[PDB]
Amino acid sequence: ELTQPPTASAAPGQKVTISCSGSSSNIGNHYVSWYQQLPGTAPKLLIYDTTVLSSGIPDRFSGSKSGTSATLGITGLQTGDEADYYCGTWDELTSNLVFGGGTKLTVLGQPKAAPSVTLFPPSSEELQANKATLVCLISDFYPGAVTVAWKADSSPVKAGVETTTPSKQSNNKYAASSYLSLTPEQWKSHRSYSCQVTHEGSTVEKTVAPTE
Amino acid sequence: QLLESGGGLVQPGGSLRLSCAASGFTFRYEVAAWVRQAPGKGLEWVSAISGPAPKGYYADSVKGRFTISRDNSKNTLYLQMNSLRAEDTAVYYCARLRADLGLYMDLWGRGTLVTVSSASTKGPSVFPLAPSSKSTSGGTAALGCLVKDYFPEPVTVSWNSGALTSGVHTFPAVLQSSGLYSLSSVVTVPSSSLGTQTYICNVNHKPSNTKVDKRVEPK
C-alpha cells in the first residue's frame with residue numbers, strides 16, 4: 001500500500017527527488033526508511049527514522065516527510081547512484097511492514113560505449129561429450145540496447161540461438177551473452193560461424209572456424 | 001555480516017528449511033526478519049521474531065504455511081517454508097529488524113534463491129573457454145568458463161579462489177528452450193601472462209550442492 005514512480009531521471013551534478021506516496025495510516029503517522037539496491041546486490045539501508053543517514057551514506061542523500069508523502073533527496077547526482085530505491089514504513093490498516101513498488105534511477109548523459117565482443121568456439125571437452133556451444137560474450141557497452149545475430153558461412157541461423165537480457169555491470173556499462181547450440185557435426189560441417197553484434201547503428205562481427 | 005543457506009528447487013506443495021548464521025552478534029537478543037524479492041518485483045516482508053521466545057509475526061501472504069524459529073545456541077535463524085507454490089519463487093534475505101522508533105532492516109544477508117517449479121535439479125556441465133591469439137585477444141587475452149545445462153538458478157563464479165577479481169565479469173544466465181540455464185564468466189589478462197599464470201574458475205551451484213574447479217589452459 002506504498003506507491004513510488006517506477007523510474008527517475010537526471011544528469012550528473014543535478015538534484016533528483018524520489019517521492020513515496022501513501023496515506024495517514026503509514027507515511028503520515030509512522031517513520032519512513034529508504035533502501036538502495038545496486039544491480040545484482042542485496043538491498044542496503046539508505047535512511048532510517050525518516051531523516052537519519054545509515055553508515056557510509058553521504059549528505060547528498062536526504063530524507064523528508066511532508067503530510068502523506070516521503071521524499072528521498074539526491075543532490076550532486078553521480079552515476080554510482082544508479083539503483084532501485086525502496087521506501088519502507090508500517091501501515092496501520094494491515095498488521096505488517098510495507099515497501100513501495102520501487103523507483104529505478106537512471107543517470108542521463110553517460111558517454112556512449114562501443115561493445116567489446118569475444119567469440120569462443122566449442123571447447124575440446126564439450127566436443128568429446130558430443131556437444132558444440134559457440135559462446136559470444138558482449139561487455140562494456142552503453143546504452144543497453146544490443147542485438148545478437150548468428151551466421152553460418154554468411155547464412156542467417158536461428159535454431160539453437162539463446163541470448164541473455166542485456167544487464168548493467170558494476171561500472172554502469174551493460175553486458176550480454178549469446179549461445180548457438182550445435183552438434184559436433186554441424187560445427188565441423190560449415191567453413192565458419194559469425195556472432196553479429198549491432199549497437200547504435202554499428203555492427204561488430206567476430207568469426208570462428210572449426211579448422212582454427 | 002549475515003549469510004543464508006538452503007535455497008534450491010522445491011515442487012508445488014513442497015517444504016524447505018532456510019538457515020541464517022550470525023558470524024558476529026547473537027540472534028537470541030535481537031529482532032530478526034525474513035524479506036523476499038520475486039524476480040522483476042520489489043521488496044516484500046515475510047516474517048519477524050522477537051528476542052524473548054519463539055513467538056513470530058508473518059505477512060498476510062505467508063501466514064500459517066511459514067514457521068520462523070531460531071536454535072538458541074550458535075546464533076542460527078531458521079525459516080520453515082511449507083505448502084509452497086509458484087508465487088513464493090524469490091530471493092529470501094535474513095536481516096536484523098530495528099523496532100524502537102521506526103521499523104527498518106539495517107543488517108542484510110547476501111540472500112538465497114528459492115525456486116518453486118515442477119522440474120528436476122541438474123548440476124552444471126563446466127567447459128573451459130580457452131584463450132587464443134585471435135578472437136580472445138584485444139591487446140590483452142580473454143579466457144573464461146562455460147557453465148551449461150543447470151537448474152535452478154543460481155551459480156556464482158570466482159577465479160583462482162577469489163585471488164583474481166580485476167577483469168572478471170560473470171554474465172547473466174539465460175533459460176534455454178530446454179528449461180536449463182547457461183552462463184559464462186570471462187577474465188581479461190595481459191597476453192604476456194598466459195604462459196606462466198594458472199587459471200581456475202570456481203563455479204558454485206548451491207541448489208545441487210555442487211562446486212566445479214575447472215582449469216582453463218592455453219589450447
# chains A, B, ... in the order shown; residues from 1 in each chain; ligands from 1
>>> select_by_dssp(residues="region 59-208 of chain B", states="helix (DSSP H, G or I)", output="list in words")
residues 86, 87, 88, 206, 207 and 208 of chain B
>>> write_last_selection(atoms="C-alpha atoms", output="compact mmCIF listing (two decimals), in the first residue's frame")
# COMPACT_ATOMS: atom_id res chain seq x y z
CA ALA B 86 5.00 -20.58 -7.75
CA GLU B 87 4.20 -17.18 -6.06
CA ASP B 88 6.86 -17.99 -3.34
CA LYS B 206 24.37 -24.41 -4.08
CA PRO B 207 20.92 -25.68 -5.27
CA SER B 208 22.57 -29.06 -6.29
>>> select_by_dssp(residues="chain A", states="strand (DSSP E)", output="MDAnalysis selection string")
chainID A and resid 7:10 16:21 33:37 44:48 52:53 61:66 69:74 84:91 96:99 103:107 116:120 132:141 147:152 156:157 161:163 167:168 174:182 193:199 202:208
>>> write_last_selection(atoms="C-alpha atoms", output="mmCIF file, in the first residue's frame")
data_model
loop_
_atom_site.group_PDB
_atom_site.id
_atom_site.type_symbol
_atom_site.label_atom_id
_atom_site.label_comp_id
_atom_site.auth_asym_id
_atom_site.auth_seq_id
_atom_site.Cartn_x
_atom_site.Cartn_y
_atom_site.Cartn_z
ATOM 1 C CA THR A 7 11.549 5.484 -12.903
ATOM 2 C CA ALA A 8 13.516 8.704 -12.055
ATOM 3 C CA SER A 9 15.924 10.624 -14.405
ATOM 4 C CA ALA A 10 18.513 13.485 -14.093
ATOM 5 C CA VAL A 16 16.706 14.367 -8.268
ATOM 6 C CA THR A 17 13.881 13.581 -5.740
ATOM 7 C CA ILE A 18 12.059 10.183 -5.432
ATOM 8 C CA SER A 19 8.556 10.692 -3.896
ATOM 9 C CA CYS A 20 6.988 7.832 -1.849
ATOM 10 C CA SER A 21 3.180 8.478 -1.721
ATOM 11 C CA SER A 33 13.041 4.192 5.725
ATOM 12 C CA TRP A 34 14.752 4.182 2.261
ATOM 13 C CA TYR A 35 16.776 1.264 0.732
ATOM 14 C CA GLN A 36 19.350 1.270 -2.156
ATOM 15 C CA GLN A 37 19.700 -1.916 -4.323
ATOM 16 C CA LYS A 44 21.203 -1.608 1.632
ATOM 17 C CA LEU A 45 19.640 0.770 4.261
ATOM 18 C CA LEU A 46 19.963 4.421 2.992
ATOM 19 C CA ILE A 47 17.841 6.377 5.559
ATOM 20 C CA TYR A 48 16.176 5.192 8.845
ATOM 21 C CA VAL A 52 18.829 9.716 9.630
ATOM 22 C CA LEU A 53 21.566 8.605 7.133
ATOM 23 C CA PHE A 61 21.190 11.801 0.325
ATOM 24 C CA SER A 62 18.341 13.374 2.426
ATOM 25 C CA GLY A 63 15.011 12.006 3.811
ATOM 26 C CA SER A 64 11.805 14.154 4.082
ATOM 27 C CA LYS A 65 8.115 13.650 5.141
ATOM 28 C CA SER A 66 5.501 16.324 4.108
ATOM 29 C CA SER A 69 4.394 11.908 1.092
ATOM 30 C CA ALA A 70 8.012 10.824 1.924
ATOM 31 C CA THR A 71 10.702 12.404 -0.370
ATOM 32 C CA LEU A 72 14.198 10.848 -0.882
ATOM 33 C CA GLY A 73 16.518 13.739 -1.948
ATOM 34 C CA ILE A 74 19.738 13.183 -4.011
ATOM 35 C CA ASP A 84 16.427 0.713 -7.381
ATOM 36 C CA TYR A 85 15.209 2.798 -4.353
ATOM 37 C CA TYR A 86 12.522 1.448 -1.925
ATOM 38 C CA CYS A 87 10.589 3.375 0.799
ATOM 39 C CA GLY A 88 9.533 1.296 3.874
ATOM 40 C CA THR A 89 7.228 2.031 6.886
ATOM 41 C CA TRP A 90 4.427 0.380 8.978
ATOM 42 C CA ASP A 91 0.806 0.550 7.617
ATOM 43 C CA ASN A 96 2.709 -5.924 8.506
ATOM 44 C CA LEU A 97 5.850 -3.990 7.359
ATOM 45 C CA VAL A 98 5.206 -2.483 3.835
ATOM 46 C CA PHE A 99 7.523 -1.436 0.923
ATOM 47 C CA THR A 103 11.995 3.525 -8.279
ATOM 48 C CA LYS A 104 14.634 2.712 -10.980
ATOM 49 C CA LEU A 105 17.037 5.746 -11.002
ATOM 50 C CA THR A 106 18.759 6.366 -14.412
ATOM 51 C CA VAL A 107 21.636 8.948 -14.675
ATOM 52 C CA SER A 116 33.835 -5.421 -26.647
ATOM 53 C CA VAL A 117 32.834 -8.747 -28.375
ATOM 54 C CA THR A 118 34.622 -12.115 -27.714
ATOM 55 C CA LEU A 119 33.546 -15.288 -29.645
ATOM 56 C CA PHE A 120 34.816 -18.668 -28.255
ATOM 57 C CA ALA A 132 29.018 -27.893 -29.565
ATOM 58 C CA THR A 133 28.207 -24.447 -27.994
ATOM 59 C CA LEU A 134 29.523 -21.192 -29.588
ATOM 60 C CA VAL A 135 29.832 -18.604 -26.718
ATOM 61 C CA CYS A 136 29.551 -14.899 -27.805
ATOM 62 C CA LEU A 137 30.209 -12.529 -24.824
ATOM 63 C CA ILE A 138 29.476 -8.749 -25.131
ATOM 64 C CA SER A 139 30.777 -6.321 -22.418
ATOM 65 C CA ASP A 140 31.376 -2.631 -21.505
ATOM 66 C CA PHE A 141 28.690 -1.022 -23.798
ATOM 67 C CA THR A 147 21.002 -7.330 -30.912
ATOM 68 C CA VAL A 148 22.970 -10.609 -31.497
ATOM 69 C CA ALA A 149 22.550 -12.387 -34.900
ATOM 70 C CA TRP A 150 24.384 -15.631 -35.922
ATOM 71 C CA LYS A 151 25.708 -16.505 -39.442
ATOM 72 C CA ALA A 152 26.925 -19.939 -40.721
ATOM 73 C CA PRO A 156 21.471 -16.452 -41.087
ATOM 74 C CA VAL A 157 20.938 -19.237 -38.436
ATOM 75 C CA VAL A 161 20.214 -19.295 -30.593
ATOM 76 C CA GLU A 162 19.814 -18.316 -26.871
ATOM 77 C CA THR A 163 20.568 -14.645 -25.884
ATOM 78 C CA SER A 167 22.269 -6.437 -17.795
ATOM 79 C CA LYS A 168 24.030 -3.451 -16.083
ATOM 80 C CA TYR A 174 25.930 -3.198 -19.964
ATOM 81 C CA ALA A 175 26.848 -6.895 -20.584
ATOM 82 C CA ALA A 176 25.041 -9.518 -22.774
ATOM 83 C CA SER A 177 25.664 -13.202 -23.765
ATOM 84 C CA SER A 178 24.501 -15.276 -26.806
ATOM 85 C CA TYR A 179 24.761 -19.105 -27.265
ATOM 86 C CA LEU A 180 24.470 -21.095 -30.553
ATOM 87 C CA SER A 181 23.960 -24.785 -29.516
ATOM 88 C CA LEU A 182 25.100 -27.274 -32.242
ATOM 89 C CA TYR A 193 30.297 -19.206 -37.803
ATOM 90 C CA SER A 194 29.887 -15.440 -37.023
ATOM 91 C CA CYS A 195 28.435 -13.522 -33.995
ATOM 92 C CA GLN A 196 26.967 -10.227 -35.412
ATOM 93 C CA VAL A 197 26.554 -7.703 -32.500
ATOM 94 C CA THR A 198 24.683 -4.480 -33.573
ATOM 95 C CA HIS A 199 24.935 -1.405 -31.226
ATOM 96 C CA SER A 202 27.201 -0.058 -35.961
ATOM 97 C CA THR A 203 27.838 -3.880 -36.097
ATOM 98 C CA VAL A 204 30.862 -5.768 -34.576
ATOM 99 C CA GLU A 205 31.079 -9.278 -36.197
ATOM 100 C CA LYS A 206 33.527 -11.913 -34.766
ATOM 101 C CA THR A 207 34.190 -15.219 -36.663
ATOM 102 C CA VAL A 208 35.471 -18.703 -35.560
#
>>> residues_around(residues="residue 53 (chain B)", least_positions_apart="6", cutoff="10 Å", atoms="only C-alpha atoms", output="PyMOL selection string")
chain B and resi 28-29+69-70+72
>>> write_last_selection(atoms="N, CA, C and O atoms", output="compact mmCIF listing (two decimals), in the first residue's frame")
# COMPACT_ATOMS: atom_id res chain seq x y z
N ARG B 28 19.55 -14.33 19.53
CA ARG B 28 18.60 -14.56 20.66
C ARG B 28 18.16 -13.23 21.29
O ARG B 28 17.08 -13.21 21.90
N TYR B 29 18.96 -12.16 21.16
CA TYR B 29 18.73 -10.85 21.83
C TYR B 29 18.61 -9.71 20.80
O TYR B 29 18.91 -8.55 21.16
N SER B 69 11.81 -19.64 13.37
CA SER B 69 12.39 -20.15 14.63
C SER B 69 13.90 -19.88 14.64
O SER B 69 14.45 -19.56 13.57
N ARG B 70 14.53 -20.00 15.82
CA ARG B 70 16.00 -19.88 15.99
C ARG B 70 16.47 -20.92 17.00
O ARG B 70 15.88 -21.01 18.09
N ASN B 72 18.59 -21.62 19.82
CA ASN B 72 19.03 -20.64 20.85
C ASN B 72 20.56 -20.65 20.96
O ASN B 72 21.12 -19.61 21.36
>>> interface_residues(of="chain B", to="chain A", cutoff="9 Å", atoms="only C-alpha atoms", output="VMD selection string")
chain B and resid 41 to 47 57 to 60 93 101 to 111 125 to 132 135 to 138 142 to 143 146 169 171 to 177 182 to 184 186 219
>>> residues_around(residues="residue 22 (chain B)", least_positions_apart="3", cutoff="8 Å", atoms="only C-alpha atoms", output="JSON, numbers by chain")
{"B": [1, 2, 3, 25, 26, 27, 75, 76]}
>>> write_last_selection(atoms="N, CA and C atoms", output="tab-separated table (two decimals), in the first residue's frame")
chain	number	residue	atom	x	y	z
B	1	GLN	N	28.68	-9.73	9.17
B	1	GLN	CA	27.72	-9.97	8.05
B	1	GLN	C	26.93	-11.26	8.31
B	2	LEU	N	25.66	-11.28	7.91
B	2	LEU	CA	24.76	-12.47	7.94
B	2	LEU	C	24.94	-13.24	6.62
B	3	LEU	N	24.68	-14.55	6.63
B	3	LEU	CA	24.74	-15.42	5.42
B	3	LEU	C	23.65	-16.49	5.50
B	25	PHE	N	27.47	-11.04	16.01
B	25	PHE	CA	26.50	-10.83	17.12
B	25	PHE	C	25.63	-12.08	17.32
B	26	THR	N	24.80	-12.06	18.37
B	26	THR	CA	23.85	-13.14	18.76
B	26	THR	C	22.47	-12.84	18.16
B	27	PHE	N	21.68	-13.88	17.87
B	27	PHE	CA	20.32	-13.78	17.27
B	27	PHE	C	19.25	-13.74	18.37
B	75	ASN	N	23.84	-18.99	17.31
B	75	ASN	CA	23.27	-17.85	16.53
B	75	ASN	C	22.78	-18.35	15.16
B	76	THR	N	21.72	-19.16	15.15
B	76	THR	CA	21.12	-19.76	13.93
B	76	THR	C	19.64	-19.36	13.85
>>> closest_residue(among="B:49, B:200, B:147, B:8", to="residue 187 (chain B)", atoms="only C-alpha atoms")
B:200
>>> residues_around(residues="residue 14 (chain B)", least_positions_apart="5", cutoff="9 Å", atoms="only C-alpha atoms", output="ChimeraX atom specification")
/B:81-85,116
>>> atom_distance(atom1="CA of residue 38 (chain B)", atom2="CA of residue 18 (chain B)")
16.3 Å
>>> residues_around(residues="residue 22 (chain A)", least_positions_apart="2", cutoff="6 Å", atoms="only C-alpha atoms", output="ChimeraX atom specification")
/A:2,27,68
>>> closest_residue(among="A:158, A:190, A:131, A:112", to="residue 173 (chain A)", atoms="only C-alpha atoms")
A:112
>>> residues_around(residues="residue 160 (chain B)", least_positions_apart="6", cutoff="12 Å", atoms="only C-alpha atoms", output="list in words")
residues 166, 168, 187, 197, 198, 199, 200, 201, 202, 203, 213, 214, 215 and 216 of chain B
>>> decode(residues="region 39-162 of chain A", atoms="C-alpha atoms", output="short mmCIF file (atom, residue, chain, number, x, y, z; two decimals), in the first residue's frame")
data_model
loop_
_atom_site.label_atom_id
_atom_site.label_comp_id
_atom_site.auth_asym_id
_atom_site.auth_seq_id
_atom_site.Cartn_x
_atom_site.Cartn_y
_atom_site.Cartn_z
CA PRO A 39 22.44 -4.29 -9.72
CA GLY A 40 22.85 -7.94 -8.55
CA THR A 41 23.47 -6.89 -4.86
CA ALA A 42 21.15 -7.15 -1.79
CA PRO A 43 19.19 -4.07 -0.59
CA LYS A 44 21.20 -1.61 1.63
CA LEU A 45 19.64 0.77 4.26
CA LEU A 46 19.96 4.42 2.99
CA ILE A 47 17.84 6.38 5.56
CA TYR A 48 16.18 5.19 8.85
CA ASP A 49 13.73 7.03 11.21
CA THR A 50 12.67 9.23 8.20
CA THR A 51 15.77 11.57 8.11
CA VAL A 52 18.83 9.72 9.63
CA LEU A 53 21.57 8.61 7.13
CA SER A 54 22.87 4.98 7.54
CA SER A 55 26.66 4.26 7.93
CA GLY A 56 28.75 5.47 4.92
CA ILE A 57 25.81 7.33 3.19
CA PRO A 58 26.93 10.83 2.05
CA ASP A 59 24.98 14.06 2.93
CA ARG A 60 23.98 14.25 -0.82
CA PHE A 61 21.19 11.80 0.33
CA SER A 62 18.34 13.37 2.43
CA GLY A 63 15.01 12.01 3.81
CA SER A 64 11.80 14.15 4.08
CA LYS A 65 8.12 13.65 5.14
CA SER A 66 5.50 16.32 4.11
CA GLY A 67 1.96 15.11 5.05
CA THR A 68 1.33 11.64 3.47
CA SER A 69 4.39 11.91 1.09
CA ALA A 70 8.01 10.82 1.92
CA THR A 71 10.70 12.40 -0.37
CA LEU A 72 14.20 10.85 -0.88
CA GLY A 73 16.52 13.74 -1.95
CA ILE A 74 19.74 13.18 -4.01
CA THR A 75 21.85 16.33 -4.82
CA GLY A 76 25.06 16.42 -6.96
CA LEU A 77 23.85 13.26 -8.80
CA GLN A 78 26.69 10.77 -9.66
CA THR A 79 26.49 7.65 -11.97
CA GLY A 80 27.30 5.46 -8.88
CA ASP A 81 23.76 6.37 -7.56
CA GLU A 82 22.05 4.38 -10.42
CA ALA A 83 19.98 1.82 -8.38
CA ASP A 84 16.43 0.71 -7.38
CA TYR A 85 15.21 2.80 -4.35
CA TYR A 86 12.52 1.45 -1.93
CA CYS A 87 10.59 3.37 0.80
CA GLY A 88 9.53 1.30 3.87
CA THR A 89 7.23 2.03 6.89
CA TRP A 90 4.43 0.38 8.98
CA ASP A 91 0.81 0.55 7.62
CA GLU A 92 -1.89 0.74 10.40
CA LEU A 93 -4.82 -0.77 8.35
CA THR A 94 -2.77 -4.01 7.81
CA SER A 95 -0.60 -5.75 10.51
CA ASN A 96 2.71 -5.92 8.51
CA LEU A 97 5.85 -3.99 7.36
CA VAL A 98 5.21 -2.48 3.84
CA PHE A 99 7.52 -1.44 0.92
CA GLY A 100 6.92 0.90 -2.06
CA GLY A 101 6.92 -0.66 -5.58
CA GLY A 102 10.48 0.74 -6.09
CA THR A 103 11.99 3.52 -8.28
CA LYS A 104 14.63 2.71 -10.98
CA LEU A 105 17.04 5.75 -11.00
CA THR A 106 18.76 6.37 -14.41
CA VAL A 107 21.64 8.95 -14.67
CA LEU A 108 21.40 10.70 -18.12
CA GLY A 109 24.24 11.97 -20.39
CA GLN A 110 26.52 8.93 -19.76
CA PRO A 111 29.12 8.50 -22.57
CA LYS A 112 28.18 6.10 -25.46
CA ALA A 113 30.44 2.96 -25.38
CA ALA A 114 31.00 0.54 -28.33
CA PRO A 115 30.78 -3.11 -27.13
CA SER A 116 33.83 -5.42 -26.65
CA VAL A 117 32.83 -8.75 -28.38
CA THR A 118 34.62 -12.11 -27.71
CA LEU A 119 33.55 -15.29 -29.65
CA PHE A 120 34.82 -18.67 -28.25
CA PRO A 121 34.34 -21.86 -30.34
CA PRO A 122 33.31 -25.20 -28.72
CA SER A 123 35.98 -26.44 -26.20
CA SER A 124 37.79 -29.82 -26.73
CA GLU A 125 35.93 -31.21 -23.63
CA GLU A 126 32.40 -30.37 -25.00
CA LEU A 127 33.11 -31.90 -28.49
CA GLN A 128 34.40 -35.06 -26.63
CA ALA A 129 30.94 -35.17 -24.88
CA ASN A 130 29.26 -34.93 -28.38
CA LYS A 131 28.02 -31.28 -27.96
CA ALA A 132 29.02 -27.89 -29.57
CA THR A 133 28.21 -24.45 -27.99
CA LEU A 134 29.52 -21.19 -29.59
CA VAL A 135 29.83 -18.60 -26.72
CA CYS A 136 29.55 -14.90 -27.80
CA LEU A 137 30.21 -12.53 -24.82
CA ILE A 138 29.48 -8.75 -25.13
CA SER A 139 30.78 -6.32 -22.42
CA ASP A 140 31.38 -2.63 -21.50
CA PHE A 141 28.69 -1.02 -23.80
CA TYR A 142 26.19 1.87 -23.27
CA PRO A 143 23.32 2.27 -23.85
CA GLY A 144 21.94 -1.24 -23.01
CA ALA A 145 20.24 -1.86 -26.43
CA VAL A 146 22.15 -4.59 -28.45
CA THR A 147 21.00 -7.33 -30.91
CA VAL A 148 22.97 -10.61 -31.50
CA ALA A 149 22.55 -12.39 -34.90
CA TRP A 150 24.38 -15.63 -35.92
CA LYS A 151 25.71 -16.51 -39.44
CA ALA A 152 26.92 -19.94 -40.72
CA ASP A 153 29.03 -19.33 -43.92
CA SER A 154 27.36 -15.82 -44.02
CA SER A 155 23.86 -17.50 -43.92
CA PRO A 156 21.47 -16.45 -41.09
CA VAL A 157 20.94 -19.24 -38.44
CA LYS A 158 18.05 -19.02 -35.87
CA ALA A 159 17.84 -22.63 -34.46
CA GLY A 160 19.90 -23.10 -31.22
CA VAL A 161 20.21 -19.30 -30.59
CA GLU A 162 19.81 -18.32 -26.87
#
